[PDB]
Protein chains: 2
Amino acid sequence: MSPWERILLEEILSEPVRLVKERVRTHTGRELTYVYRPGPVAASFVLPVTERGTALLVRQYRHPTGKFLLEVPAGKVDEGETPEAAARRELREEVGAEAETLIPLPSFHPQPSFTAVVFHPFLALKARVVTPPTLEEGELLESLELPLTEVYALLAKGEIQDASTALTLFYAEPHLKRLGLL
Amino acid sequence: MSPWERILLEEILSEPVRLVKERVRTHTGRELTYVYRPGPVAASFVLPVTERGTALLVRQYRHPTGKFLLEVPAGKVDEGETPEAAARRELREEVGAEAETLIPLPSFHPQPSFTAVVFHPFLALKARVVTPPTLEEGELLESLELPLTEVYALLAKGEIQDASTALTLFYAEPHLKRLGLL
Ligand SMILES: [Mg+2]
Ligand SMILES: [Mg+2]
Ligand SMILES: [Mg+2]
Ligand SMILES: [Mg+2]
């Protein structure tokens, strides 16, 4: 029961990202052209916490912003892969780490006005580095370790610019306090 | 001091949204094509709270997701407009409301991998409806009022799907408790 009816759906780009331009008839009966990244598509985000109450994060170059941002490891969920598997895979690729339990946190749409993507956050416990990172061509990042108290101080001070990382931290907080890690 | 050098920047679309396809030489000396929504561009988000401890929110159709999402009023910052002015304007357009103090909250990038956009959240106090909403062609939404206790219960239960709305609520929470509204 969509409120808008499709007139024509044009593919504007397929790679590196699929983008479409859709002509639709809206709730007013008038026509509108809507450009967006179609679904279904998703990505997983994972806050990796060690047994020492530190977090394994990444400082990554995000070209559209021209900045290196402090983020939790994350990546697109591949075709036929579960969000938890993509989380573990990106954790191993970007930080060279493995973890035990992965607690799922509330999923969210980062920008529903433009993209159908759903982001799936996870809190990973007993994270540990076991191998060197394996980055894709295109990824420019370094991994680092920070005490959770410092990560949450940055959050409270409003210094975590990546929304997904900030939101993952907020959802993770009650669990970290419950587990005695924060 | 960008780590990537521009080879060529092509405009893929200019309206309804500007999108570019940039060929760059990366940190590895190899070429890569990067598609993104360029900056500088921004939007303001505003959590409007009444003197009765309720919030004025919107239930809005977000076509890429095919869902109506519960969100705080928000919109693109126009050319030469401050983020606070865009916040007040979208509050008046979408909810027909005005407010007194607007407390700025930490800004964030909703999806730095794809867009340069910066979102500027605000907590608006003494919000009150004073006029009928004035929606743009393309906007399909209804305004509603909910007790803050219910809004935060939904947040804690993981039912707030729009990331920006969720993050605005998390940043607003300490202020609401400080002011005795939550
Ligand atoms: Mg990644
Ligand atoms: Mg990756
Ligand atoms: Mg809006
Ligand atoms: Mg609007």
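First the proteins, then the strands, lettered A, B, ... as listed; each starts at 1. Note that these values count all heavy atoms, side chains included, but never hydrogens, waters or copies made by symmetry.
Under the 4.5 Å side-chain heavy-atom criterion for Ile, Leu, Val, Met, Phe, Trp and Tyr, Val117(A) and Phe68(B) are members of distinct hydrophobic clusters. Linking ILVMFWY residues whenever their side-chain heavy atoms come closer than 4.5 Å, directly or via other members, leaves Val17(B) and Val41(A) in distinct clusters. Each of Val24(A) and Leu19(A) belongs to its own hydrophobic cluster when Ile, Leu, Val, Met, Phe, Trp and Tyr are linked at side-chain heavy-atom distances under 4.5 angstrom. Both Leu155(A) and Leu182(A) belong to a common hydrophobic cluster when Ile, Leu, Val, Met, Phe, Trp and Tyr are linked at side-chain heavy-atom distances under 4.5 angstrom. Clustering ILVMFWY residues whenever any of their side-chain heavy atoms sit less than 4.5 angstrom apart, transitively, puts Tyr171(A) in the very cluster that holds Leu181(A).
At least one side-chain heavy atom of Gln111(B) sits under 4.5 Å from a side-chain heavy atom of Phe119(A). The shortest distance between side-chain heavy atoms of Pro48(A) and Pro73(A) falls below 4.5 Å. Inter-residue side-chain proximity for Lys67(B) and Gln161(B) is flagged as met; some heavy-atom pair is nearer than 4.5 Å. Between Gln60(B) and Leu69(B), every side-chain heavy-atom pair lies at or beyond the 4.5 Å cut-off. With contacts defined as side-chain heavy-atom distances shorter than 4.5 Å, the pair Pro174(B)/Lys177(B) does not qualify. Put simply, the side chain of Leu102(B) reaches to within 4.5 Å of the side chain of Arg88(B), judged on heavy atoms. With a 4.5 Å cut-off on side-chain heavy atoms, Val20(A) and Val35(A) do not count as touching. Contact check for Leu47(B) versus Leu169(B): side-chain heavy atoms found under the 4.5 Å cut-off.
Separating the CG atom in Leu140(B) from the OG1 atom in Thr26(A) is a distance of 8.5 Å, to the nearest 0.5 Å. The structure places CD of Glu94(B) at 12.5 Å from CD of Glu142(B), a figure rounded to the nearest 0.5 Å. Note: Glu84(B) CD to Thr82(B) OG1 = 6.0 Å, rounded to the nearest 0.5 Å. To the nearest 0.5 angstrom, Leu9(A) atom CG is 5.0 Å from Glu22(A) atom CD. Remark: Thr33(A) OG1 to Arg23(A) CZ distance equals 4.0 Å, nearest 0.5 Å. Distance check, rounded to the nearest 0.5 Å: CD of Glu150(B) to CG of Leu148(B) gives 10.0 Å.
Of all the heavy atoms in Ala99(B) and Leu125(B), the pair that sits closest is CB-O, 3.4 Å. Taking each heavy atom of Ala166(A) and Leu167(B) in turn, the nearest pair found is CB-CD1, 3.9 Å. Smallest separation of non-hydrogen atoms from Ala116(B) and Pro64(A): CB-O, 3.1 Å. For the residue pair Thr28(B) and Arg30(B), the shortest heavy atom distance occurs at OG1-NE, 3.0 Å.
Using a cut-off of 4.0 Å between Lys/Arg side-chain N and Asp/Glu carboxylate O, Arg89(B) and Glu81(B) are scored as salt-bridged. Using a 4.0 Å cut-off between charged side-chain N and carboxylate O, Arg18(B) and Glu11(B) make a salt bridge.
Looking at residues two or more places apart in sequence or on another chain, you find a ring pair (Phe, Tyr, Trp, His ring centres under 6.0 Å) between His63(B) and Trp4(A), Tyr34(A), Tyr36(A), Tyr61(B). Partners of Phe122(B) by ring pair (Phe, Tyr, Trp, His ring centres under 6.0 Å), not counting sequence neighbours: none found. Residues passing the ring pair (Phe, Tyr, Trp, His ring centres under 6.0 Å) test with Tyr152(A), sequence neighbours excluded: none.
Within a 6.0 Å sphere centred on CD of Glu145(B), other residues, nucleotides and ligands contribute more than 12 heavy atoms. Enclosure of atom CZ in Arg59(A) by more than 12 non-hydrogen atoms of other residues, nucleotides or ligands within 6.0 angstrom is indicated. Residue-environment remark: CD (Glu31(B)) exceeds the threshold of 12 foreign heavy atoms within 6.0 Å.
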Applying side-chain contact (heavy atoms from CB on, under 4.5 Å), run through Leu146(A) and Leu56(A) and close with a yes or a no. CA-CA 7 Å; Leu146(A) 286 184; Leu56(A) 305 185; over 6 Å; no

Go through the steps to decide whether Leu32(B) and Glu137(A) satisfy the test side-chain contact (heavy atoms from CB on, under 4.5 Å), and finish with yes or no. CA-CA 8 Å; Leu32(B) 175 159; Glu137(A) 266 58 67; 5.9 Å; no

Chi angles and distances behind the side-chain contact (heavy atoms from CB on, under 4.5 Å) call for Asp162(A), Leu70(A): CA-CA 7 Å; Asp162(A) 176 59; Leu70(A) 183 61; over 6 Å; no

Which is it for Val118(B) and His109(B) under the side-chain contact (heavy atoms from CB on, under 4.5 Å) test, yes or no, and what are the steps along the way? CA-CA 5 Å; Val118(B) 175; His109(B) 291 289; 3.3 Å; yes

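Side chain to side chain, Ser113(A) and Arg62(B) fail the donor-acceptor criterion of an N or O pair below 3.5 Å. No side-chain donor from either of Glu71(A) and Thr165(A) sits under 3.5 Å from a side-chain acceptor of the other.
A donor-acceptor contact shorter than 3.5 Å links the side chain of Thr168(B) to the backbone of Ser164(B). No donor-acceptor pair closer than 3.5 Å links the side chain of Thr115(B) to the backbone N or O of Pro112(B). In this structure a side-chain-to-backbone donor-acceptor pair under 3.5 Å is present from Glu139(B) to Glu136(B). In terms of modelled atom types and a separation under 3.5 Å, the side chain of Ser44(B) and the main chain of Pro83(B) share a donor-acceptor contact.
When each of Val46(A), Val72(A), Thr101(A), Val49(A) is tested with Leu123(A) by the rule side chain to side chain contact (heavy atoms under 4.5 Å, CB included), just one qualifies, namely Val49(A). Tested against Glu98(B) for a side-chain hydrogen bond (donor to acceptor under 3.5 Å, both in side chains), the candidates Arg128(B), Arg92(B), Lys126(B) yield a single pass: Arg92(B).
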